[PDB]
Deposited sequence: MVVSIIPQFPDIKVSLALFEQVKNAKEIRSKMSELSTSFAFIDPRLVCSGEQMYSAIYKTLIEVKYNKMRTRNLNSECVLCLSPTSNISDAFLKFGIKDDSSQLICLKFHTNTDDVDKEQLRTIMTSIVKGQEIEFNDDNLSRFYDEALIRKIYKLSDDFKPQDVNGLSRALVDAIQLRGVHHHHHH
């Protein structure tokens, strides 16, 4: 797992973890309310840059505009989206009953240090699957470009040579609201 900070927001830490061979996505979704984490569908996340750009947008929105959803975790799922409809974002970017991978995201607002051992214990009690490193090498395994193009409404004329090129277009969509 990785624990990170956005430079202009030193007191907010975000933990990100990536799981493969996930067996209980349906169960996770059923219990989601009554757990706080966001469970994100990696088929729509092609890079760290994309994910971190949404985390940035989340903090900007909440600090300087308005929070639309329940907490930072859900707000970030919204901010990953190209559109303003909350339900659509949760549906498209949240895990699905058939998800075999997931990103587990959590904002930590307490100024204190994140308790990493407890955090890992909590995640593994929720997720039946195998954690792998949250990095671009592993994210490049699971993103679905075709689905991404459809969801982010990218034209067939747009033909990025590599993942960096694709990531740039998604960050654009994220930053523009």
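Chemist: Go through the deposited sequence from residue 1 and tell me which stretches lack C-alpha coordinates, in order.
Modeler: The deposited sequence has unmodelled segments at 36-37, 180-187.
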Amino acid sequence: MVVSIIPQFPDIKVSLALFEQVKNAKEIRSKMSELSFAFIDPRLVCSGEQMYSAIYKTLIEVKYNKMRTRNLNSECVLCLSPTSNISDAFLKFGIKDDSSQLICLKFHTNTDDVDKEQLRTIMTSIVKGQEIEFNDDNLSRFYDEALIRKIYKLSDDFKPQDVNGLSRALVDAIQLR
From here on, numbers count along this sequence of modelled residues.
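By rigid core we mean the largest C-alpha set that fits within 1.5 Å across both forms.
Chemist: Could you say which moves further from this form in 4 other deposited structures of this protein, stretch 24-32 or stretch 125-133, by root mean square CA distance after aligning on the core?
Modeler: Output: 24-32, the stretch lying farther off on average in 4 other deposited structures of this protein.
Chemist: Thinking of the other compared PDB entries, is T111 one of those residues unmodelled in at least a third of them?
Modeler: Missing in at least a third of the others, so yes.
Chemist: Given the B-factors recorded for C-alpha atoms, which segment has the greater mean, 109-117 or 139-147?
Modeler: So the stretch with the higher mean C-alpha B-factor is 109-117.
Chemist: When the C-alpha temperature factors are averaged for each of 48-56 and 66-74, which stretch ends up with the higher value in the entry?
Modeler: Result: 66-74.
Chemist: From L154, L16, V163, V22, which pick has the Cα B-factor that tops the rest in the entry?
Modeler: In the PDB entry, the greatest C-alpha B-factor among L154, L16, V163, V22 is found at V163.
Chemist: Quick one: classify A38 as lowest, middle or highest third of the chain based on its Cα B-factor.
Modeler: Middle third, going by the recorded CA B-factors of the chain.
Chemist: Select lowest, middle or highest to describe the third in which the CA B-factor of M1 falls within its chain in this entry.
Modeler: Highest third.
Chemist: Quick one: classify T83 as lowest, middle or highest third of the chain based on its Cα B-factor.
Modeler: Highest third of the chain for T83's C-alpha B-factor.
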